[PDB]
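J.: Line by line, the protein sequences give chains A and A'. A prime marks a further copy of an entry chain.
If you're matching positions, the first sequence starts at 1 in PDB author numbering and goes up one per residue.
If you're matching positions, the second sequence starts at 1 in PDB author numbering and goes up one per residue.
There are 2 protein chains.
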Amino acid sequence: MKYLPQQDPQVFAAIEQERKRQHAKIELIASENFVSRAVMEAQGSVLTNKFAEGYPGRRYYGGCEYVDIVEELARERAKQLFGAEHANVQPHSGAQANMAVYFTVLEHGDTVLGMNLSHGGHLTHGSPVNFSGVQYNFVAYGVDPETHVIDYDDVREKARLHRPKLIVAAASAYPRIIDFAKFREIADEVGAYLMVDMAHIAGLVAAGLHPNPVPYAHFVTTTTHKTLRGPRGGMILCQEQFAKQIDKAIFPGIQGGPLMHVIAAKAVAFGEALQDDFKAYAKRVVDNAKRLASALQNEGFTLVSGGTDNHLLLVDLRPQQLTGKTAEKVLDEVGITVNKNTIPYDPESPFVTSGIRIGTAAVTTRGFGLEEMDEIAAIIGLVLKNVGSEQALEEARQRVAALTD
Amino acid sequence: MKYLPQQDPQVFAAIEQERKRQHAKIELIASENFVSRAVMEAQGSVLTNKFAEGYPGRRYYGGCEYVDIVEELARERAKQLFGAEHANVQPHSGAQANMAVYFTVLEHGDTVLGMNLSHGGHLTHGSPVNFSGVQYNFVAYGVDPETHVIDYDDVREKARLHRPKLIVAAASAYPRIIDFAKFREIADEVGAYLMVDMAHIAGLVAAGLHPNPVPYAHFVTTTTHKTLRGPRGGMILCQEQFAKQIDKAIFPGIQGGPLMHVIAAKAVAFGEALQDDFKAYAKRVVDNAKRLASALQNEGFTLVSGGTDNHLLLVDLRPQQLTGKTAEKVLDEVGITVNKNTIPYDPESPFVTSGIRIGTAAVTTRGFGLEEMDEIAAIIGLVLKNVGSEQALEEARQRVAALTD
């Protein structure tokens, strides 16, 4: 940086702390990643100066000839990556992408069926303190209490009883592959639309490592920043038949001017994801998660669903008589970043929890491999088995530092 | 840029076109501006990598120690700039800021009173194709048909007849000072909340050049990118009594993770606005708009309300028998960027219009002064009086190029 250090010492000092923090810590928050320098440069571009309400070639303001090219690059690359007929790359966030889909097909008070929030569903899939649960009548399907896999008969029964207008599939904390074909079969049986929120797994989908919801879902929403490794923002994919309605839902429906610099950054990230090396990266993410899961089991931890098919895993801490809150706190003390997370049928509140969620996308981006997974698991074992030993915690701290260099 | 040119030639070429376009054209879109290099650097920072759901010291995810400092710098600087008791700097956009305020105080179907969209009100102030007009029952007050100033007796009558729960003041295309004290008096009479959307005039407010709505309004919303000259995004100001509710409306109500890099950029812009030179800048904006208005009148143009008190003006093209659409198109041909805009009581649709809106914030940032205003007015006269003369248009083109160098 050249100008910020002189103009704003306070903001610069804080940014520099954060940059150094990102290097020093072992980032295991499953939604986190590190974007490329190219993505950052796009975000830091003069495109922030352009008002571009509307869509490419159909803007409400002049001078958009070049931001149109950028937005179309994002849309066409997204379509290539996911085999979708239409992309809307304007959503400011995953929340706004979901909000727009709801606005498109639902009226206030309509019934929607989503994944139980305490079994892995997202806030925007029906929390009663979120617009989703306040605006629409959400009902929930669950995972099996033993296997922790989505109970498709429960999805079906809930669908048939409640007659939702919309079914939502996808999750913030579900470690197994989701069967989109079964979701669409159930949607078809009850005459509901199917929306898949693939935010967590979008990079894995792009890489052919998780089944693609696009052929099965009427609408697919996603963030651009988790396993997709792009800038923070949202996107909607759909078939050409819904394109006009979806686009109108985003503008003039729920947003105004798009963030053209972020859309440039989206184009860049999609460009990266189209490359062979991104596919290799995504495979390492999944391989690393499997290895980490196995190594954690070797340390004596129980995992929700008994492992993982994707980038993330959940540790059920009940055997260790620990809460997720306690585990999160002590891991923070040694430089490992996780989050407390409800496990299915959790006896604790979502503010305490019986689990921690762990993901490998960020450490994989840093170049961590199988050996590092073994060592991360060993450090987690050392820490969680010795929460009262400052010597153990100091050893852990030193081992974390050895990993991050 | 270092990495983007190598990684993504297509995106880079388009960005470079846009950068050169920004230099070459005379940008008169009233909502447009040019941010500092420091603001851009903040947006292009590693803060895009941080998930930070929640608020400073009350986050739902670990590792936020430094992004907390950034967010608090934005909040404290905003409070200093506007004398507000509370700031929420998380809104992704002006639309989301407004959406959050509505979510805080209204239920689905509640009546809201806003400025007539065809007299200067914004899309999010009740358009029937926007969530505002779909979710809530909007009624409108108008400007006087002769003076084009808000008719405060009409505000009062509409308030008393319709009994809105919320009154909205502020505008996308209103060239005169808004009387917030009268709005609050009317709100008080009918027991309504008052929300002021100061997006257009926020920089002028910060500089003491427009009355501050903060003392009068229960909620003040704004964008950070118009006359405030910051990154693209939203903000809400309110008294401490509504702080908790407003914050909950943004998260978990309507958004999820905030854009921490954009929030850094907000802090930077607020830092700039606190400086003496920003006050001098804002005065030049208003002086330039007055001079441009006067010079346009000298060319024989009629202005809505007969002039301006702020950064923007509206030309009523009816005397010239031109539509806003025709004027916008031909000005685009010579390198002047304006937008067609409905004028009060416009006989034309909002897609054709009888006006063009013009603002001086962007050209002022480029260092244009009174002499440049005279020349811009003269070029506009040359063009609009000779729409069928390619020679006139070429002369205009050359004069535009002389201004932008």
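For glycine and all other residues, C-beta sits at the position ideal for the given N, C-alpha and C.
1) Verify whether the separation of the beta carbon atoms of residue 355/A and residue 317/A is less than 8 Å.
2) Since residue 108/A meets chain A', which of its residues come closer than 7 Å, beta carbon to beta carbon?
3) What are the boundary residues of the beta strand (DSSP E) that includes residue 197/A'?
4) How should residue 161/A' be labelled, buried or exposed, when 16 other C-beta atoms within 10 angstroms of its C-beta is the threshold for buried?
5) Just how far apart, CA to CA, sit residue 291/A' and residue 176/A'?
6) What is the rounded straight-line gap between the Cα of residue 402/A and the Cα of residue 396/A?
7) Contact criterion: CB-CB distance below 8 Å. Does residue 76/A meet it with respect to chain A'?
8) Do you know offhand how far residue 251/A's Cα is from residue 335/A's?
9) Beta-carbon of residue 311/A' versus every beta-carbon of chain A: anything under 8 Å?
10) Return the first residue and the last residue of the alpha helix (DSSP H) that residue 1/A' is part of.
11) Are the C-beta atoms of residue 328/A and some chain A' residue less than 8 Å apart?
12) Which of the three DSSP states is assigned to residue 26/A' in this structure?
13) Less than 8 Å between CB atoms is the rule here; does residue 361/A satisfy it with respect to chain A'?
14) I want to know whether the stretch 5-23 of chain A touches the stretch 189-209 of chain A - three or more CB-CB distances under 8 Å.
15) Pick from 289/A, 222/A, 388/A and 362/A: whose alpha carbon is nearest that of residue 122/A?
16) Distance, Cα to Cα, residue 407/A' vs residue 134/A'?
17) In terms of residue numbering, what span does the alpha helix (DSSP H) encompassing residue 404/A' cover?
18) Work out the CA separation of residue 57/A' and residue 131/A for me, nearest whole Å.
19) Taking residue 125/A' and residue 143/A' to be in contact with their CB atoms under 8 Å, please state how far apart those CB atoms are, rounded to whole angstroms.
20) Going by DSSP, name the residue or residues bridged to residue 86/A.
21) Mind listing the chain A' neighbours of residue 259/A? Cutoff is C-beta to C-beta under 7 Å, in chain order.
22) Report yes or no: is there a C-beta of chain A within less than 8 Å of the C-beta of residue 80/A'?
23) Along the stretch 333-361 of chain A', what residues have a CB closer than 7 Å to any CB found in chain A?
24) Taking only beta-carbon positions, decide if residue 314/A is within less than 8 Å of chain A'.
25) Scan the stretch 80-100 of chain A' for residues whose Cβ lies nearer than 9 Å to a Cβ of chain A and list them as they occur along the chain.
26) Do residue 213/A' and residue 196/A' have their CB atoms nearer than 8 Å?
27) Residue 178/A by DSSP, collapsed to three states: which one?
28) Any C-beta of chain A sitting closer than 8 Å to the C-beta of residue 14/A'?
29) For residue 102/A', write down the residues that DSSP places opposite it in a beta bridge.
30) Of all the residues that make up the stretch 148-182 of chain A', which are near chain A by a beta-carbon distance shorter than 9 Å?
31) So, for residue 26/A: in the same chain, excluding its five sequence neighbours on each side, which residues have a beta-carbon less than 7 Å away from its beta-carbon?
32) Does residue 395/A get closer than 8 Å to chain A' when you measure Cβ to Cβ?
33) Could you work out which residue in 231/A, 332/A and 112/A is closest to residue 273/A when comparing CA atoms only?
34) Can you give me, in chain order, the residues of the stretch 34-52 of chain A that have a beta carbon less than 8 Å from any beta carbon in chain A'?
35) Using 8 Å as the limit for Cβ to Cβ distance, is residue 219/A near chain A'?
36) So which residues of chain A does residue 114/A' contact, with C-beta pairs closer than 9 Å?
T.: Concretely, from the data shown:
1) yes
2) The answer, in chain order, is 108.
3) 193-197
4) An exposed status is given to residue 161/A', since fewer than 16 other beta-carbon atoms sit within 10 Å of its beta-carbon.
5) In a straight line, the C-alpha of residue 291/A' is about 15 Å away from that of residue 176/A'.
6) 10 Å
7) For residue 76/A, the answer is no, since every Cβ of chain A' falls outside 8 Å of its Cβ.
8) Rounded to the nearest whole angstrom, the C-alpha separation of residue 251/A and residue 335/A is 43 Å.
9) no
10) Run containing residue 1/A': none; DSSP gives neither H nor E here.
11) yes
12) The answer is strand: DSSP assigns residue 26/A' an E or B state.
13) no
14) no
15) 222/A
16) Residue 407/A' lies beyond the stretch modelled for chain A', which goes from 1 to 405, so this question has no answer here.
17) 390-404
18) 24 Å
19) The Cβ separation is near 14 Å, so there is no contact.
20) Bridge partners of residue 86/A according to DSSP: 238/A.
21) Under the 7 Å cutoff, chain A' gives 232.
22) no
23) 337 and 339
24) no
25) 92, 93, 94, 95, 96 and 99
26) For residue 213/A' and residue 196/A', yes; Cβs fall inside 8 Å.
27) coil
28) It does: the Cβ of residue 14/A' has a partner Cβ on chain A nearer than 8 Å.
29) None; residue 102/A' has no bridge partner.
30) none
31) 335, 336, 337, 363, 376, 400, 403 and 404
32) no
33) 231/A
34) 34, 35, 36, 37, 38, 39, 40, 41, 42, 43, 44, 45, 46, 47, 48, 49, 50 and 51
35) no
36) By Cβ distance, chain A contributes nothing, its closest Cβ being about 15 Å from residue 114/A', past 9 Å.
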